[PDB]
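S.K.: One structure, as structure tokens, below. Some questions next.
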Protein chains: 2
Amino acid sequence: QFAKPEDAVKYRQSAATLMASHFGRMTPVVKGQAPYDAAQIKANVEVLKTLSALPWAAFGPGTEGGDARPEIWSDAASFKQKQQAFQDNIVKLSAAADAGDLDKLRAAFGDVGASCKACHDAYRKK
Amino acid sequence: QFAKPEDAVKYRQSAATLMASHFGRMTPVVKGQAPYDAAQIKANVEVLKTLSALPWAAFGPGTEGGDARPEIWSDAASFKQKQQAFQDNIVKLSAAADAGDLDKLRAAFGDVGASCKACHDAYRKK
Ligand code: HEC
Ligand code: HEC
């Protein structure tokens with residue numbers, strides 16, 4: 001869907017911006033600093049679920065650029081494992097939110113965050 | 001969810017970037033220049049539906065900036081009418097996509113696009 005590689009870079013950076021917001025805005029909830037409203041979190045995690053599927057299609061062939069490492073493309077199966085595993089952790093977060101289980105939400109949230117960082121460590125330029 | 005107004009501006013601009021992509025990538029389909037696969041479009045419109053609900057919460061009080069006109073805040077009910085009407089046109093696009101009806105998709109797409117432009121004309125800085 002991208003006329004030029006720059007359009008794919010802009011897309012995936014904007015998807016990442018929205019994922020950071022929808023994930024990070026839950027930090028105070030998981031820490032107990034903000035109240036836990038199960039319906040509010042359920043809805044927010046449903047938005048995060050949608051968004052967390054979106055970046056990967058914007059690392060298509062010829063879309064090199066931004067702060068994306070070339071090893072994303074040369075190790076295609078390894079980068080795929082990482083994004084699929086990240087979305088597996090999103091599924092776990094969804095299950096916790098849908099159940100209304102806060103303890104499970106805490107745990108799942110931590111696992112999601114670790115998966116974000118693991119990918120950036122390997123595949124995002126400093 | 002925004003620590004500073006700049007964070008709200010960044011969010012709503014990124015949401016708009018993703019909506020432009022998910023809406024605009026259908027132009028060749030509606031024009032017949034690309035093939036119509038009902039399931040593909042159904043899925044894409046479900047992403048657009050999610051995204052098209054997101055900007056409005058990021059024009060919260062104190063989030064003035066970017067290319068957003070102050071009349072967004074001083075005429076709160078009028079700006080609300082416009083975003084609600086835009087999401088009504090999104091619902092119509094969803095119904096067309098879910099039905100697998102291309103002619104209906106064409107028409108709905110045009111109506112959505114007109115609603116984007118009507119809001120920008122009144123509420124986005126040149
Ligand atoms: C690989 C499988 C990743 C996972 C999982 C996550 N991110 Fe990511 N992120 C990745 C790359 C390769 C890039 C660089 C994109 C580019 O072309 O520049 C990014 C970038 C971000 C950014 C910065 C966006 C920008 O302003 O330019 C943010 C804020 C970000 N990523 C956040 C983020 C979060 C919150 C994640 C888990 C919920 C997450 N990322 C996962 C690769 C990958
Ligand atoms: C008001 C109810 C709007 C509707 C409906 C749509 N848009 Fe919008 N858009 C609006 C404003 C007030 C702004 C400025 C935001 C800011 O603070 O700068 C925008 C911005 C955009 C942009 C530019 C984003 C950027 O790169 O900075 C784009 C690409 C955009 N809008 C696209 C877009 C599309 C495709 C829409 C219909 C599907 C749409 N907008 C509707 C206000 C409103």
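Following the order of the structure tokens, first chain is A, next is B, and so on, with residues numbered from 1 inside each chain and ligands from 1 in the order they appear.
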Select the residues contacting ligand 1 at a distance of at most 8 Å, based on only C-alpha atoms and all ligand atoms, then format the selection as JSON, numbers by chain.

M.R.: {"A": [9, 10, 12, 13, 14, 15, 16, 17, 18, 19, 20, 21, 23, 24, 52, 55, 56, 59, 64, 65, 66, 67, 68, 69, 72, 79, 80, 81, 82, 83, 84, 85, 86, 87, 112, 113, 115, 116, 117, 118, 119, 120, 123, 124, 125]}

S.K.: Report chain B as a compact mmCIF listing (two decimals) with N, CA, C and O atoms, in the first residue's frame in the frame of chain A, after least-squares superposition over all C-alpha atoms paired in order.

M.R.:
# COMPACT_ATOMS: atom_id res chain seq x y z
N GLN B 1 0.82 -1.21 0.00
CA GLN B 1 0.00 0.00 0.00
C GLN B 1 0.84 1.24 0.00
O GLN B 1 0.25 2.30 0.22
N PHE B 2 2.15 1.17 -0.20
CA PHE B 2 3.07 2.29 -0.01
C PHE B 2 3.68 2.70 -1.30
O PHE B 2 4.27 1.87 -2.03
N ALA B 3 3.50 3.95 -1.67
CA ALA B 3 3.95 4.40 -2.98
C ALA B 3 5.47 4.40 -3.03
O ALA B 3 6.09 4.09 -4.10
N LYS B 4 6.14 4.70 -1.92
CA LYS B 4 7.58 4.80 -1.78
C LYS B 4 7.96 4.19 -0.46
O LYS B 4 7.13 4.13 0.46
N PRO B 5 9.23 3.71 -0.27
CA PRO B 5 9.64 3.20 1.03
C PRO B 5 9.44 4.13 2.20
O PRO B 5 9.04 3.66 3.28
N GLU B 6 9.60 5.40 1.99
CA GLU B 6 9.36 6.39 3.03
C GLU B 6 7.93 6.28 3.56
O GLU B 6 7.71 6.62 4.73
N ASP B 7 6.96 5.93 2.73
CA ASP B 7 5.59 5.82 3.19
C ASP B 7 5.46 4.63 4.15
O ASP B 7 4.68 4.66 5.12
N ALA B 8 6.16 3.52 3.89
CA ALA B 8 6.14 2.40 4.79
C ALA B 8 6.81 2.77 6.13
O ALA B 8 6.32 2.33 7.20
N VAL B 9 7.91 3.48 6.07
CA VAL B 9 8.59 3.91 7.31
C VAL B 9 7.63 4.78 8.13
O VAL B 9 7.48 4.58 9.32
N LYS B 10 6.98 5.74 7.50
CA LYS B 10 6.07 6.65 8.21
C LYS B 10 4.95 5.82 8.85
O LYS B 10 4.55 6.07 9.97
N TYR B 11 4.40 4.87 8.09
CA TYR B 11 3.34 4.02 8.62
C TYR B 11 3.80 3.27 9.84
O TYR B 11 3.09 3.27 10.86
N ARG B 12 4.90 2.54 9.74
CA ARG B 12 5.24 1.68 10.86
C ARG B 12 5.65 2.53 12.08
O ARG B 12 5.39 2.08 13.21
N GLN B 13 6.25 3.68 11.90
CA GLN B 13 6.55 4.54 13.02
C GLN B 13 5.27 5.06 13.68
O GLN B 13 5.18 5.17 14.89
N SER B 14 4.27 5.38 12.86
CA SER B 14 2.97 5.85 13.44
C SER B 14 2.27 4.70 14.16
O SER B 14 1.69 4.93 15.22
N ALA B 15 2.31 3.48 13.64
CA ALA B 15 1.74 2.33 14.31
C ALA B 15 2.45 2.13 15.65
O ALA B 15 1.77 1.89 16.66
N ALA B 16 3.77 2.22 15.66
CA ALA B 16 4.52 2.07 16.89
C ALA B 16 4.14 3.18 17.92
O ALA B 16 4.00 2.90 19.10
N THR B 17 3.98 4.42 17.45
CA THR B 17 3.54 5.51 18.33
C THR B 17 2.24 5.16 18.98
O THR B 17 2.05 5.38 20.23
N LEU B 18 1.28 4.68 18.25
CA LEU B 18 -0.02 4.34 18.82
C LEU B 18 0.06 3.14 19.74
O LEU B 18 -0.57 3.13 20.82
N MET B 19 0.83 2.12 19.39
CA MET B 19 1.04 1.00 20.32
C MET B 19 1.70 1.49 21.61
O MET B 19 1.25 1.01 22.68
N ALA B 20 2.69 2.35 21.57
CA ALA B 20 3.37 2.83 22.79
C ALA B 20 2.28 3.51 23.65
O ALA B 20 2.34 3.35 24.87
N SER B 21 1.41 4.27 23.06
CA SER B 21 0.40 4.97 23.87
C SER B 21 -0.55 4.03 24.50
O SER B 21 -0.95 4.15 25.69
N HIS B 22 -1.10 3.09 23.73
CA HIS B 22 -2.11 2.17 24.24
C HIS B 22 -1.49 1.13 25.26
O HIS B 22 -2.24 0.69 26.11
N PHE B 23 -0.27 0.76 25.08
CA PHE B 23 0.41 -0.07 26.07
C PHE B 23 0.81 0.76 27.31
O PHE B 23 0.40 0.44 28.41
N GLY B 24 1.54 1.84 27.10
CA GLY B 24 2.06 2.61 28.21
C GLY B 24 1.01 3.27 29.07
O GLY B 24 1.27 3.45 30.27
N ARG B 25 -0.14 3.63 28.50
CA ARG B 25 -1.12 4.26 29.33
C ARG B 25 -1.66 3.36 30.43
O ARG B 25 -2.35 3.79 31.33
N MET B 26 -1.41 2.02 30.30
CA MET B 26 -1.81 1.07 31.34
C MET B 26 -0.79 0.97 32.46
O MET B 26 -1.15 0.32 33.47
N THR B 27 0.39 1.51 32.36
CA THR B 27 1.40 1.37 33.41
C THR B 27 0.82 1.78 34.77
O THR B 27 1.01 1.04 35.74
N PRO B 28 0.14 2.91 34.89
CA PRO B 28 -0.31 3.31 36.24
C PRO B 28 -1.33 2.32 36.78
O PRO B 28 -1.45 2.15 38.00
N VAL B 29 -2.11 1.73 35.93
CA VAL B 29 -3.13 0.71 36.32
C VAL B 29 -2.45 -0.54 36.86
O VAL B 29 -2.78 -1.06 37.91
N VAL B 30 -1.47 -1.05 36.09
CA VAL B 30 -0.75 -2.24 36.54
C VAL B 30 0.00 -1.99 37.85
O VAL B 30 0.12 -2.95 38.67
N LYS B 31 0.48 -0.75 38.07
CA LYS B 31 1.18 -0.43 39.28
C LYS B 31 0.19 -0.10 40.42
O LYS B 31 0.66 0.10 41.54
N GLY B 32 -1.07 0.00 40.18
CA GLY B 32 -2.01 0.39 41.22
C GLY B 32 -2.16 1.81 41.49
O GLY B 32 -2.93 2.21 42.41
N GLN B 33 -1.43 2.66 40.79
CA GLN B 33 -1.45 4.12 40.94
C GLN B 33 -2.71 4.78 40.38
O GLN B 33 -3.09 5.86 40.77
N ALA B 34 -3.37 4.06 39.46
CA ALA B 34 -4.65 4.43 38.88
C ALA B 34 -5.57 3.28 39.11
O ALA B 34 -5.15 2.13 39.17
N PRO B 35 -6.90 3.54 39.19
CA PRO B 35 -7.87 2.49 39.45
C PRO B 35 -8.01 1.45 38.31
O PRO B 35 -7.76 1.86 37.13
N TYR B 36 -8.40 0.26 38.60
CA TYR B 36 -8.59 -0.80 37.64
C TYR B 36 -10.11 -0.87 37.33
O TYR B 36 -10.85 -1.34 38.23
N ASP B 37 -10.51 -0.55 36.15
CA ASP B 37 -11.86 -0.72 35.66
C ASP B 37 -11.77 -1.77 34.53
O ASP B 37 -11.16 -1.57 33.51
N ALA B 38 -12.31 -2.93 34.84
CA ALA B 38 -12.11 -4.08 33.93
C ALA B 38 -12.61 -3.76 32.52
O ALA B 38 -11.96 -4.15 31.56
N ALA B 39 -13.77 -3.12 32.39
CA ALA B 39 -14.32 -2.84 31.06
C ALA B 39 -13.43 -1.89 30.34
O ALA B 39 -13.20 -2.03 29.10
N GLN B 40 -12.92 -0.86 30.99
CA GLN B 40 -12.03 0.13 30.36
C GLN B 40 -10.79 -0.57 29.81
O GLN B 40 -10.37 -0.33 28.67
N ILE B 41 -10.20 -1.43 30.61
CA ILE B 41 -8.97 -2.12 30.19
C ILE B 41 -9.26 -3.12 29.07
O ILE B 41 -8.50 -3.24 28.14
N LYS B 42 -10.38 -3.81 29.17
CA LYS B 42 -10.79 -4.73 28.09
C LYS B 42 -10.84 -4.02 26.78
O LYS B 42 -10.33 -4.50 25.75
N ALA B 43 -11.49 -2.85 26.77
CA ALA B 43 -11.61 -2.09 25.54
C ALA B 43 -10.28 -1.59 25.04
O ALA B 43 -9.99 -1.61 23.85
N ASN B 44 -9.43 -1.13 25.97
CA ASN B 44 -8.14 -0.60 25.57
C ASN B 44 -7.24 -1.71 24.97
O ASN B 44 -6.54 -1.50 23.99
N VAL B 45 -7.29 -2.89 25.57
CA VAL B 45 -6.48 -4.01 25.08
C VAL B 45 -6.99 -4.47 23.74
O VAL B 45 -6.20 -4.88 22.87
N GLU B 46 -8.31 -4.36 23.45
CA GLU B 46 -8.84 -4.67 22.12
C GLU B 46 -8.29 -3.68 21.08
O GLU B 46 -8.00 -4.12 19.94
N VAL B 47 -8.09 -2.42 21.40
CA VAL B 47 -7.45 -1.47 20.51
C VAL B 47 -5.96 -1.87 20.33
O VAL B 47 -5.48 -1.94 19.18
N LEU B 48 -5.29 -2.16 21.41
CA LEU B 48 -3.89 -2.56 21.32
C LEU B 48 -3.70 -3.80 20.47
O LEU B 48 -2.74 -3.91 19.73
N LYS B 49 -4.60 -4.76 20.60
CA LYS B 49 -4.55 -5.98 19.79
C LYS B 49 -4.60 -5.64 18.33
O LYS B 49 -3.80 -6.16 17.50
N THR B 50 -5.53 -4.79 17.88
CA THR B 50 -5.60 -4.39 16.51
C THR B 50 -4.34 -3.73 16.09
O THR B 50 -3.74 -4.05 15.02
N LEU B 51 -3.86 -2.77 16.86
CA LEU B 51 -2.67 -2.01 16.48
C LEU B 51 -1.42 -2.91 16.42
O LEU B 51 -0.56 -2.70 15.56
N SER B 52 -1.32 -3.89 17.30
CA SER B 52 -0.07 -4.67 17.40
C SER B 52 0.11 -5.64 16.24
O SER B 52 1.18 -6.20 16.10
N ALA B 53 -0.92 -5.82 15.41
CA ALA B 53 -0.79 -6.58 14.17
C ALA B 53 -0.29 -5.74 13.04
O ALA B 53 0.04 -6.29 11.98
N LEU B 54 -0.30 -4.42 13.12
CA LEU B 54 -0.11 -3.57 11.97
C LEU B 54 1.35 -3.31 11.57
O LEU B 54 1.57 -3.15 10.33
N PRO B 55 2.34 -3.16 12.46
CA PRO B 55 3.65 -2.74 11.90
C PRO B 55 4.23 -3.71 10.92
O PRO B 55 4.99 -3.26 10.05
N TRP B 56 3.95 -5.00 11.08
CA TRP B 56 4.85 -6.01 10.45
C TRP B 56 4.72 -5.98 8.93
O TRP B 56 5.74 -6.18 8.21
N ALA B 57 3.53 -5.71 8.44
CA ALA B 57 3.27 -5.63 7.00
C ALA B 57 3.94 -4.45 6.36
O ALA B 57 3.98 -4.35 5.10
N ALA B 58 4.46 -3.49 7.15
CA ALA B 58 5.14 -2.32 6.68
C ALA B 58 6.63 -2.41 6.75
O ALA B 58 7.33 -1.42 6.57
N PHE B 59 7.14 -3.65 6.90
CA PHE B 59 8.56 -3.94 6.70
C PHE B 59 8.67 -4.87 5.44
O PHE B 59 9.50 -5.79 5.49
N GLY B 60 7.80 -4.73 4.41
CA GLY B 60 7.77 -5.28 3.08
C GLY B 60 9.01 -5.10 2.23
O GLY B 60 9.88 -4.29 2.50
N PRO B 61 9.10 -5.91 1.28
CA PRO B 61 10.38 -5.80 0.57
C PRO B 61 10.60 -4.43 -0.04
O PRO B 61 9.68 -3.76 -0.50
N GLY B 62 11.68 -3.81 -0.06
CA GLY B 62 12.09 -2.48 -0.48
C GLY B 62 11.80 -1.34 0.46
O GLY B 62 12.05 -0.17 0.15
N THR B 63 11.29 -1.62 1.65
CA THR B 63 10.89 -0.62 2.61
C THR B 63 11.96 -0.35 3.66
O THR B 63 11.70 0.11 4.77
N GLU B 64 13.19 -0.62 3.27
CA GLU B 64 14.31 -0.36 4.17
C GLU B 64 14.35 1.10 4.62
O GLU B 64 13.97 2.01 3.89
N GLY B 65 14.83 1.60 5.88
CA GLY B 65 14.91 2.97 6.23
C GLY B 65 14.51 3.20 7.66
O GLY B 65 14.28 2.26 8.43
N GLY B 66 14.32 4.52 8.03
CA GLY B 66 14.18 4.71 9.46
C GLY B 66 15.27 4.09 10.29
O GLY B 66 16.42 3.88 9.98
N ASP B 67 14.74 3.76 11.55
CA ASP B 67 15.58 3.09 12.53
C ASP B 67 15.43 1.62 12.53
O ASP B 67 15.78 0.89 13.43
N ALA B 68 15.05 1.01 11.36
CA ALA B 68 14.90 -0.44 11.12
C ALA B 68 16.20 -1.08 10.66
O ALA B 68 16.77 -0.70 9.63
N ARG B 69 16.79 -2.03 11.29
CA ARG B 69 18.02 -2.72 10.90
C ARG B 69 17.84 -3.63 9.69
O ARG B 69 16.80 -4.28 9.53
N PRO B 70 18.87 -3.64 8.88
CA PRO B 70 18.77 -4.52 7.71
C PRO B 70 18.59 -5.99 8.10
O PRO B 70 18.04 -6.72 7.25
N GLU B 71 19.03 -6.29 9.37
CA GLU B 71 18.82 -7.70 9.66
C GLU B 71 17.37 -8.10 9.75
O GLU B 71 17.05 -9.33 9.66
N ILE B 72 16.43 -7.19 9.85
CA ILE B 72 15.05 -7.49 9.74
C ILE B 72 14.78 -8.28 8.44
O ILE B 72 13.99 -9.18 8.42
N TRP B 73 15.27 -7.92 7.28
CA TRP B 73 15.07 -8.47 5.94
C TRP B 73 16.01 -9.65 5.66
O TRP B 73 15.56 -10.64 5.08
N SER B 74 17.25 -9.60 6.08
CA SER B 74 18.17 -10.69 5.74
C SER B 74 17.89 -11.91 6.60
O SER B 74 18.19 -13.04 6.17
N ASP B 75 17.34 -11.75 7.78
CA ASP B 75 16.91 -12.82 8.67
C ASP B 75 15.39 -12.81 8.82
O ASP B 75 14.85 -12.72 9.91
N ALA B 76 14.72 -12.90 7.77
CA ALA B 76 13.26 -12.82 7.67
C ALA B 76 12.60 -13.81 8.62
O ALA B 76 11.62 -13.44 9.30
N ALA B 77 13.01 -15.05 8.74
CA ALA B 77 12.32 -15.98 9.61
C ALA B 77 12.53 -15.62 11.07
O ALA B 77 11.59 -15.76 11.88
N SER B 78 13.67 -15.16 11.44
CA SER B 78 13.96 -14.75 12.80
C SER B 78 13.15 -13.51 13.20
O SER B 78 12.54 -13.47 14.27
N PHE B 79 13.12 -12.51 12.44
CA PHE B 79 12.26 -11.31 12.70
C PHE B 79 10.77 -11.73 12.79
O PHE B 79 10.07 -11.27 13.72
N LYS B 80 10.32 -12.63 11.89
CA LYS B 80 8.94 -13.15 11.94
C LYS B 80 8.68 -13.82 13.26
O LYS B 80 7.62 -13.63 13.83
N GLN B 81 9.59 -14.67 13.76
CA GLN B 81 9.43 -15.32 15.05
C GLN B 81 9.18 -14.25 16.12
O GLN B 81 8.32 -14.45 16.99
N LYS B 82 9.94 -13.20 16.06
CA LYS B 82 9.83 -12.18 17.10
C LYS B 82 8.47 -11.45 17.03
O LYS B 82 7.87 -11.24 18.08
N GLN B 83 8.02 -11.09 15.90
CA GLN B 83 6.74 -10.38 15.84
C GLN B 83 5.57 -11.33 16.18
O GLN B 83 4.62 -10.94 16.82
N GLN B 84 5.71 -12.62 15.76
CA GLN B 84 4.66 -13.58 16.08
C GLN B 84 4.63 -13.86 17.57
O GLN B 84 3.54 -14.00 18.18
N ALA B 85 5.81 -13.95 18.17
CA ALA B 85 5.85 -14.20 19.60
C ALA B 85 5.29 -13.01 20.40
O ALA B 85 4.52 -13.17 21.35
N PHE B 86 5.67 -11.76 20.03
CA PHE B 86 5.10 -10.53 20.55
C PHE B 86 3.58 -10.63 20.46
O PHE B 86 2.85 -10.37 21.42
N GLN B 87 2.92 -10.97 19.30
CA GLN B 87 1.46 -11.05 19.18
C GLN B 87 0.88 -12.19 20.02
O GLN B 87 -0.20 -12.02 20.61
N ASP B 88 1.65 -13.35 20.13
CA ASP B 88 1.30 -14.32 21.18
C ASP B 88 1.25 -13.64 22.58
O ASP B 88 0.26 -13.91 23.30
N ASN B 89 2.15 -12.84 22.99
CA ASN B 89 2.06 -12.20 24.29
C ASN B 89 0.87 -11.25 24.33
O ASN B 89 0.22 -11.09 25.39
N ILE B 90 0.54 -10.60 23.23
CA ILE B 90 -0.67 -9.77 23.14
C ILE B 90 -1.90 -10.60 23.34
O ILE B 90 -2.83 -10.15 24.05
N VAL B 91 -1.96 -11.83 22.78
CA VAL B 91 -3.08 -12.66 23.02
C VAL B 91 -3.25 -12.97 24.50
O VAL B 91 -4.38 -13.01 25.05
N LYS B 92 -2.16 -13.24 25.20
CA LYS B 92 -2.20 -13.51 26.61
C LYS B 92 -2.73 -12.27 27.40
O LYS B 92 -3.52 -12.44 28.34
N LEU B 93 -2.31 -11.08 27.02
CA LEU B 93 -2.80 -9.85 27.61
C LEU B 93 -4.32 -9.69 27.38
O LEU B 93 -5.05 -9.33 28.29
N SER B 94 -4.77 -9.96 26.16
CA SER B 94 -6.20 -9.99 25.82
C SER B 94 -6.96 -10.95 26.68
O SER B 94 -8.06 -10.64 27.16
N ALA B 95 -6.46 -12.14 26.89
CA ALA B 95 -7.16 -13.14 27.72
C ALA B 95 -7.25 -12.59 29.17
O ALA B 95 -8.35 -12.73 29.76
N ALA B 96 -6.21 -12.01 29.67
CA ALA B 96 -6.23 -11.49 31.04
C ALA B 96 -7.27 -10.35 31.18
O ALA B 96 -8.06 -10.26 32.10
N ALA B 97 -7.27 -9.47 30.14
CA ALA B 97 -8.19 -8.31 30.17
C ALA B 97 -9.65 -8.81 30.04
O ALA B 97 -10.53 -8.26 30.72
N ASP B 98 -9.89 -9.67 29.05
CA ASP B 98 -11.22 -10.20 28.82
C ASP B 98 -11.76 -10.89 30.06
O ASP B 98 -12.95 -10.90 30.36
N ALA B 99 -10.87 -11.56 30.86
CA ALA B 99 -11.28 -12.23 32.09
C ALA B 99 -11.47 -11.25 33.25
O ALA B 99 -12.06 -11.55 34.28
N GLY B 100 -10.95 -10.07 33.12
CA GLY B 100 -11.10 -9.18 34.28
C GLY B 100 -10.25 -9.48 35.38
O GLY B 100 -10.61 -9.24 36.55
N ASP B 101 -9.03 -10.13 35.06
CA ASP B 101 -8.11 -10.63 36.07
C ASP B 101 -6.85 -9.78 36.19
O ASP B 101 -5.94 -9.86 35.37
N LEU B 102 -6.73 -9.03 37.09
CA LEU B 102 -5.69 -8.03 37.29
C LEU B 102 -4.30 -8.58 37.55
O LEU B 102 -3.32 -8.12 36.95
N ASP B 103 -4.29 -9.47 38.42
CA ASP B 103 -3.03 -10.22 38.58
C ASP B 103 -2.55 -10.83 37.26
O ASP B 103 -1.34 -10.74 36.92
N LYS B 104 -3.48 -11.43 36.54
CA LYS B 104 -3.07 -11.94 35.24
C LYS B 104 -2.71 -10.82 34.27
O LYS B 104 -1.78 -10.99 33.46
N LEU B 105 -3.39 -9.67 34.35
CA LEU B 105 -3.06 -8.56 33.53
C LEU B 105 -1.62 -8.07 33.81
O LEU B 105 -0.85 -7.80 32.87
N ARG B 106 -1.21 -7.91 35.07
CA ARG B 106 0.10 -7.50 35.51
C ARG B 106 1.18 -8.31 34.86
O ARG B 106 2.18 -7.89 34.31
N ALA B 107 0.97 -9.62 35.00
CA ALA B 107 1.96 -10.58 34.52
C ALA B 107 2.10 -10.50 33.01
O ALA B 107 3.19 -10.53 32.42
N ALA B 108 0.98 -10.50 32.33
CA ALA B 108 0.94 -10.41 30.89
C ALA B 108 1.53 -9.14 30.35
O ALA B 108 2.18 -9.11 29.32
N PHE B 109 1.24 -8.07 31.05
CA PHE B 109 1.80 -6.76 30.68
C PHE B 109 3.29 -6.78 30.70
O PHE B 109 3.97 -6.25 29.80
N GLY B 110 3.87 -7.33 31.75
CA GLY B 110 5.32 -7.45 31.85
C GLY B 110 5.88 -8.28 30.70
O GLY B 110 6.94 -7.92 30.16
N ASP B 111 5.26 -9.36 30.38
CA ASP B 111 5.71 -10.19 29.28
C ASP B 111 5.64 -9.47 27.94
O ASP B 111 6.60 -9.57 27.10
N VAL B 112 4.61 -8.72 27.69
CA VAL B 112 4.52 -7.90 26.49
C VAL B 112 5.65 -6.92 26.43
O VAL B 112 6.35 -6.80 25.44
N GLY B 113 5.89 -6.16 27.52
CA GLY B 113 6.90 -5.19 27.54
C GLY B 113 8.28 -5.77 27.27
O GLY B 113 9.10 -5.18 26.54
N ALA B 114 8.55 -6.94 27.85
CA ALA B 114 9.83 -7.62 27.57
C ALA B 114 9.98 -7.97 26.08
O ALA B 114 11.07 -7.91 25.54
N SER B 115 8.87 -8.36 25.44
CA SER B 115 8.91 -8.70 24.02
C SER B 115 9.17 -7.49 23.14
O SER B 115 9.89 -7.55 22.15
N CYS B 116 8.58 -6.32 23.51
CA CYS B 116 8.88 -5.07 22.78
C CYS B 116 10.40 -4.83 22.85
O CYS B 116 11.04 -4.56 21.84
N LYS B 117 10.92 -4.86 24.06
CA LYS B 117 12.34 -4.50 24.28
C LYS B 117 13.26 -5.46 23.61
O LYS B 117 14.29 -5.12 23.02
N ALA B 118 12.92 -6.77 23.65
CA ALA B 118 13.78 -7.82 22.99
C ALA B 118 13.90 -7.55 21.49
O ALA B 118 15.00 -7.69 20.92
N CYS B 119 12.76 -7.21 20.82
CA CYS B 119 12.86 -6.88 19.43
C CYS B 119 13.64 -5.64 19.16
O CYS B 119 14.51 -5.58 18.31
N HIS B 120 13.37 -4.55 19.93
CA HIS B 120 14.13 -3.34 19.70
C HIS B 120 15.64 -3.58 19.90
O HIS B 120 16.43 -3.02 19.18
N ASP B 121 15.98 -4.34 20.91
CA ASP B 121 17.42 -4.61 21.17
C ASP B 121 18.10 -5.22 19.96
O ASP B 121 19.28 -4.87 19.72
N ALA B 122 17.40 -6.12 19.27
CA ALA B 122 18.03 -6.79 18.15
C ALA B 122 17.86 -6.03 16.83
O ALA B 122 18.72 -6.14 15.97
N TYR B 123 16.73 -5.30 16.63
CA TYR B 123 16.30 -4.89 15.30
C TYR B 123 16.07 -3.41 15.12
O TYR B 123 15.74 -3.01 14.00
N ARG B 124 16.20 -2.65 16.19
CA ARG B 124 16.04 -1.13 16.07
C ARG B 124 17.38 -0.48 16.30
O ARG B 124 18.07 -0.76 17.26
N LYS B 125 17.72 0.48 15.41
CA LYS B 125 18.98 1.20 15.46
C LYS B 125 19.02 1.99 16.71
O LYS B 125 17.96 2.52 17.17
N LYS B 126 20.18 2.20 17.30
CA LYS B 126 20.26 3.10 18.44
C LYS B 126 19.86 4.52 18.10
O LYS B 126 20.11 4.99 16.97

S.K.: Could you tell me, as a PyMOL selection string, which residues of region 38-106 of chain A DSSP assigns to alpha helix (DSSP H) when given the backbone?

M.R.: chain A and resi 38-52+71-74+76-99+102-106
